[PDB]
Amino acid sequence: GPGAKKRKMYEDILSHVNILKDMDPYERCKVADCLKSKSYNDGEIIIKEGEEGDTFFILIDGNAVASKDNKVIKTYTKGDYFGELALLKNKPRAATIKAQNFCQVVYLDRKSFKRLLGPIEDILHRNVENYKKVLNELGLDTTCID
């Protein structure tokens, strides 16, 4: 794992991540104990639409942008999350997410995501349903949602 050191930094970060706000401190500590970190350079693809996905991300520093069939669907900043949909639906990545500067993320693999973010699955599902608004506005496929 991280070590007592990184682990407390992770817990600091998670206390300000909106998607985890309904967790209690015990639950967030469990998430922190399993996180890993990595970085992306400007222009690098973090998630490519159509590929298989096994990783959940929280963006902890930087700026990234999501697009689907060459239309911009979301801008991302510190505290945002992405990459949950492939894990929840067992489908290919639904959008491409690209770094627009030097980006730092923390991440979980599929099994850890399901176990550790179990406490908030209702919130994750509601937010998945909410993706439909922009997809329909832009005339994009919504079967990736349901």
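Just count from 1 along the sequence shown to find any residue number.
*Asks:* Output the stretch having the higher mean C-alpha B factor in the entry; the candidates are 40-48 and 83-91.
*Replies:* Taking the mean B-factor of the alpha carbons in each, 83-91 is higher.
*Asks:* Going by the average Cα B-factor in the PDB entry, point out whether 120-128 or 7-15 comes out higher.
*Replies:* Comparing averages over the C-alpha atoms only gives 7-15.
*Asks:* Whose C-alpha has the highest temperature factor in the PDB entry: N70, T55, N63, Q104?
*Replies:* Most elevated C-alpha B-factor of the set, per the entry: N70.
*Asks:* Taking the C-alpha B-factors as the PDB entry records them, is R110 in the lowest, middle or highest third of its chain?
*Replies:* For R110, the deposited C-alpha B-factor lands in the highest third.
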